[PDB]
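Notes for the one structure printed next.
Neighbour counts are summed over all protein chains in view; Cβ atoms, including those assigned to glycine, are modelled from backbone coordinates with ideal geometry. What follows draws every value from the coordinates through simple rules; no lab data is involved.
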Amino acid sequence: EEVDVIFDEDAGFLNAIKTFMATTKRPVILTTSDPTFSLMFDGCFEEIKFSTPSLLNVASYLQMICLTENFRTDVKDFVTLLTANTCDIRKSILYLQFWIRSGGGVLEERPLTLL
Amino acid sequence: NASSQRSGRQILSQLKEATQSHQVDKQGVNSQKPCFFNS
Amino acid sequence: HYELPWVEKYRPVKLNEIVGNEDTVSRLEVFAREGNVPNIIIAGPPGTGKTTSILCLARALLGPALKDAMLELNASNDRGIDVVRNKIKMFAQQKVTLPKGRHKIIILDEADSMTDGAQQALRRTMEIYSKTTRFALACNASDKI
Amino acid sequence: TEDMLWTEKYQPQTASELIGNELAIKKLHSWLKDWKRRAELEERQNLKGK
Amino acid sequence: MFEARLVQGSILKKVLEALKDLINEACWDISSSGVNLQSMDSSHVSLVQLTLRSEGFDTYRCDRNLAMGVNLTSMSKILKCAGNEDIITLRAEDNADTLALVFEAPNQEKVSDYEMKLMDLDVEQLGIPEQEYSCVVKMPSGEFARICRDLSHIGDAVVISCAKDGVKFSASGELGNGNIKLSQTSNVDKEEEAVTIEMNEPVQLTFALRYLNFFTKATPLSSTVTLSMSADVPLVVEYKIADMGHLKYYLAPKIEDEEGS
Amino acid sequence: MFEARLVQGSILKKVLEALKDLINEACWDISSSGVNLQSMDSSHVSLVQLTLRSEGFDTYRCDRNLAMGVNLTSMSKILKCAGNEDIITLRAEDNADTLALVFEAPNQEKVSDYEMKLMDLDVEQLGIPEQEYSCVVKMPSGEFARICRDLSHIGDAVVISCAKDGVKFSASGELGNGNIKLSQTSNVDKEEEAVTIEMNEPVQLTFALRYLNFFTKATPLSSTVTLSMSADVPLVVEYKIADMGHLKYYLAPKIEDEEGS
Amino acid sequence: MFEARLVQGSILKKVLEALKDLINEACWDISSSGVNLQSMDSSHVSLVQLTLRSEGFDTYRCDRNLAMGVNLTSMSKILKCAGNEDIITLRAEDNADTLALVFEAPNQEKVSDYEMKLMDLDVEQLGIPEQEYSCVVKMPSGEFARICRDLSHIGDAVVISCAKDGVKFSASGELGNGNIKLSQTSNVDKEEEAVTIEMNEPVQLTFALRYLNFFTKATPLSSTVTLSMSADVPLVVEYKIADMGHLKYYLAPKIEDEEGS
Ligand SMILES: Nc1ncnc2c1ncn2[C@@H]1O[C@H](COP(=O)(O)OP(=O)(O)OP(O)(O)=S)[C@@H](O)[C@H]1O
Ligand SMILES: [Mg+2]
């Protein structure tokens, strides 16, 4: 986890992991957030890219989460929250946990069929 | 993790046999995740 | 006999006595009342009441175990790589018997003086021990984190 | 009465429960299926040898 | 509420120097029968199971079963001041964050009290069930350490191949190949260097060399060693602790990349 | 006009490594009574004092009182290349800015001479009266070194307490608490010293690990060391070098605060 | 098809200890007459020579000669697990890259079956003069080792003069000129032990302490050793076992640099 984070205490880490991949017989997974690690690192490795997830899907997922905790909430509020977090799932989930367990923001009725 | 000590000699001496051998406990409590460290 | 400064002679001891940012005050009040608080980053102007709110929240949530289940770091302490390597992980792994829903608490006073690699180390530690340990931090400029 | 965060409360147990990046999780799941199949075949080879 | 009065602390010294770098924490599972330790190493491919019987201690008291995870670096520090001949007191409360080690120095009154917190392990006891071992070996202590160090001087992977005579240890390295055969040296003056074999079938496995070195670092505590090895099982290296207890070593064999015909 | 003849350079090497990290510079003042050093820390929390009588040197000569200041780092660089068995000469002129170290030949074939510039600095004579201490003990130096380096890796600070029962060391570290208790009946066998008290009232104070470790860097000077300790007047570490002089150390305690309700 | 059978392990275990860090390669010339070792230093200063006879070995078998080459360190590691009373047997094949090593059992039924990879280099021929020497002395081995170890503390080059008064070993270095002179008479618990001189002209040269210390590591082979010294040729030391062969080690002199006049 975070192969990109290297300290002076972490001496010879890239050479070390080079030796690991060189001599392994078990699966090894490297994860990071920077795109630059792909170019500076030398070796043979399969690449897997996670794109930013779709806003409406994670909005529906967060809305199911708040529905399970006995809260009904509009989609557009979660869309604003996600775009404010640049669609970060853990940020939106944690702030939703804080804002739900605080008792909710504003009690306003909204009759929607698409209580 | 970067939070733990990850120097080359230490990581090689305490993690090579994870991929060069079998697992001593292949049954029972196996789906736990020990964070590898050296304090 | 000593002239205690009024800034600490009249620092509030209960959360309701703090004014300003009243919505977050009520949210901190209900989290002090019930518990299972998430990790908190308070950001604002200096002298607003951030450290006061954090310390009063910790006191209300812990009680008698405030000397043991609570630990504090400020810029006066080391706060380098080696301490966020050893000390905070040792506490986050450390066993403390607590009432239900109550977790061990670490306060990072004015985290804007954390070095970047110190935060890079702190991430895994704060995220894996979330079952028994919660973190609270204060800062003035959020971009320094 | 809970003592644990929503991130680990609604932590996905299954790769199908992840949201978004469907192609990436299928590639990763297929790679790990291939590797566990290789490990199982090596185990079968070990029992066949002895 | 737990109290142990270890009649001698040097055995704790020897077992900890056996495990000072292999395993990362030490777990004490404590009941009426005694003190148990089920620790699986940093690579989690070898297991150490240490059992101390209640009669071995000067006093033993256990009101309820207790599981304490303790940092190994901490105990490795505190015990380097412990004397070669001494009494040690393990102190543990029922539901506390504490573990006290009381050292009575050979002075009239020089009490050293080290209090350590608990590292809150979520991993419980782990151990294999009892199984018939086709290869049970009574073998000596010191010469095992000599031949492990010779194999270390030769290679880094160990070929264990038991046979009708005994067992053969092979090591093919870049420097060279070294193969030492041990067999029935039972007819000898002392029973500790006597080698008697009650094996069932010849079976070969291969193992990590450095681990065998750390496990044979515990040589001088026991006069002899028993080995329990068979097919598809960890190698077992077990020592008997005279009038205190018994210790067990489990070794997962090296994975082999067998090639299809 | 100043001549001093250090009988053995081992003592000078030992006191230098005892104070190598403590102080920025060494300012000695010389009188017909002898040589004195009362230099107080750059972090301003401790004072080193060393008084050496004139008769301790092989030949001690003075014309007047002189206070000279020498940078410590180059002084260490010069003295680390001197034999311990050697007889040393310290020569100082009346008004020159250079001090001469005339080492005799350690190899009996090459007399060495080194020079040092003088560094002017404001040095005050911290003339503290020697008040009666409510706690006085004598206890061997090597043990005090081993226990400070024991508690240093435990704690960032040590709680000393002196009572009628004995002298007591606590250190509440993050790994846990470390306690050492001594007794007056507790007599050691390493250097054959019976720990004694001349105390009057129990007292508890707290001192940092770093300074005390570098006070134990003065271990080889004397077999036993005298600790003087009071409720207000701070920690005194006193080595009595045989026929050379006495080496006093003043360390102030950390403040203590009561935890809020 | 070559197979050599040495009767006790006391021979190889100490002649190789003499060559612990002298020559990087053990170079054997295997003939039907016997084994020879012709290995030459990388510093162009020291030559080593062994001639093991067929009569000394238990049984000697040769089908063809060998330019045999063995790495030193791995052979030492194989040697370190040889019994002192055990029979050494070594096999070299016609074309294989393995050197088999089978020893008698140190545990009386625990035998070894070792291998050794063969390394192939230039194996250049080394010429021995087989000349006459101006001074030959029969000398005790352990006392020579004592003198060499006593003079090794002082410097690096020792001057050696052999005359009718005997040998004179002086370490003219830093600590002092340690003068050791042995006459013809030497009285021990044995009936005779003579440092006897059979000379023509008095010789005076200079040798190195490190190679002499390496040469003295062959002490237990022969209680009496023949030292040969002439004006221009290197020092020859010859340990005669009187049944195995002769250890002939040659050390080139340190030429005194002639300063200009
Ligand atoms: N909202 C408030 N209500 C009551 N007292 C307050 C409030 N804000 C500040 N104080 C007082 O002023 C002191 C400073 O409070 P702090 O919480 O330390 O300030 P801050 O908001 O944390 O920003 P800092 O300390 O500059 S990082 C407190 O100890 C109180 O005595
Ligand atoms: Mg603040």
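Key figures for this structure:
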quantity: Kirkwood hydrodynamic radius (C-alpha pairs) into Stokes-Einstein, region C:2-145, 25 °C and 0.890 mPa s, D in µm²/s; calculated: 154
quantity: Per-bin percent of Cα-Cα distances, chain E [10 Å]; calculated: 6, 27, 33, 20, 11, 2, 0, 0
quantity: Cα-based Rg of region A:21-93 normalised by 2.2 N^0.38 Å, two decimals; calculated: 1.60
quantity: Given charges at Cβ of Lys, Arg, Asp, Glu: region C:2-145 dipole, positive-most of C:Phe31, C:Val13, C:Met114; calculated: C:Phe31
quantity: Efficiency of FRET between F:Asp122 and F:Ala194 - r from beta-carbon atoms, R0 35 angstrom, step 0.05; calculated: 0.20
quantity: Two-site label geometry, F:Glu259 and C:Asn86: point separation in nm, points 7 Å out along Cα→Cβ; calculated: 2.3
quantity: Separation between Cα centres of region F:218-261 and region D:5-50, rounded to whole Å; calculated: 64
quantity: Part-to-part distance (alpha-carbon centres) for region F:43-90 and region G:108-125, which is given in Å; calculated: 63
quantity: Net charge over other residues, Cβ less than 10 angstrom from the Cβ of E:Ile87 (K, R count +1; D, E count -1); calculated: -3
quantity: Partners for F:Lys190 among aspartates and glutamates (Cα-Cα distance below 19 Å; same-chain residues under 8 apart left out); calculated: E:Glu85, E:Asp86, E:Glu104, E:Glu109, F:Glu143, F:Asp150
quantity: Relative contact order of region C:2-145, pairs being alpha-carbon contacts under 8 Å that are 6 or more residues apart, as %; calculated: 29
quantity: Gyration tensor (alpha-carbon) shape descriptor, the protein assembly as shown, a/c threshold 1.5; calculated: oblate
quantity: Antiparallel bridge percentage (DSSP; both residues within chain C; nearest 5); calculated: 0
quantity: Electrostatic dipole magnitude of the protein assembly as shown [Cβ: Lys, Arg +1; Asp, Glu -1; Cα centre; debye, to 20]; calculated: 2700
quantity: Size of charge dipole - region F:1-256 - debye, nearest 20, with Cβ of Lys, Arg +1 and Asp, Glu -1, no other charges; calculated: 580
quantity: Theoretical gain in end-to-end length, G:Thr185 to G:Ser32 [0.36 nm per residue, Cα-Cα removed]; calculated: 50.8 nm
quantity: Centre separation in Å (Cα based) which lies between region B:13-30 and region F:129-149; calculated: 52
quantity: Local electrostatic count at E:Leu235 - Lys and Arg +1, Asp and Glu -1, tallied over other residues with Cβ under 12 Å; calculated: 0
quantity: Of G:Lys80/G:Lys248; C:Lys131/E:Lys240; F:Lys164/F:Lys240, those spanning more than 32 Å from alpha-carbon to alpha-carbon; calculated: C:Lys131/E:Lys240
quantity: Mean separation of Cα contacts under 8 Å, 6 or more apart, over the residue count of region F:1-256: relative contact order %; calculated: 21
quantity: Tilt relative to chain D, helix D:22-49 - C-alpha long axis, 0 to 90 degrees, to 10; calculated: 30
quantity: Relative contact order [Cα under 8 Å, 6+ residues apart], region F:1-126, whole percent; calculated: 31
quantity: 3J(HN,Hα) from dihedral phi, region F:30-42, Karplus parametrisation 6.51/-1.76/1.60, rounded to Hz, x for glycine, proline; calculated: 10, 9, 5, 5, x, 9, 9, 9, 10, 10, 10, 5, 5
quantity: Total formal charge among the other residues, if their Cβ is under 14 angstrom from that of F:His153, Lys/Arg +1 and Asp/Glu -1; calculated: +2
quantity: Proximal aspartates and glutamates relative to A:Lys76, as straight alpha-carbon distance under 20 Å, when same-chain residues fewer than 8 apart are discounted; calculated: A:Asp88, A:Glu108, A:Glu109
quantity: Most positive-pole-ward Cα, F:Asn24, F:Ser152, D:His29, against dipole of the protein assembly as shown from beta carbon charges; calculated: D:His29
quantity: Straight-distance crosslink candidates among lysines, where the alpha carbon sits under 25 Å from C:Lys9 and sequence neighbours closer than 8 are dropped; calculated: C:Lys50, C:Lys67, F:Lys254
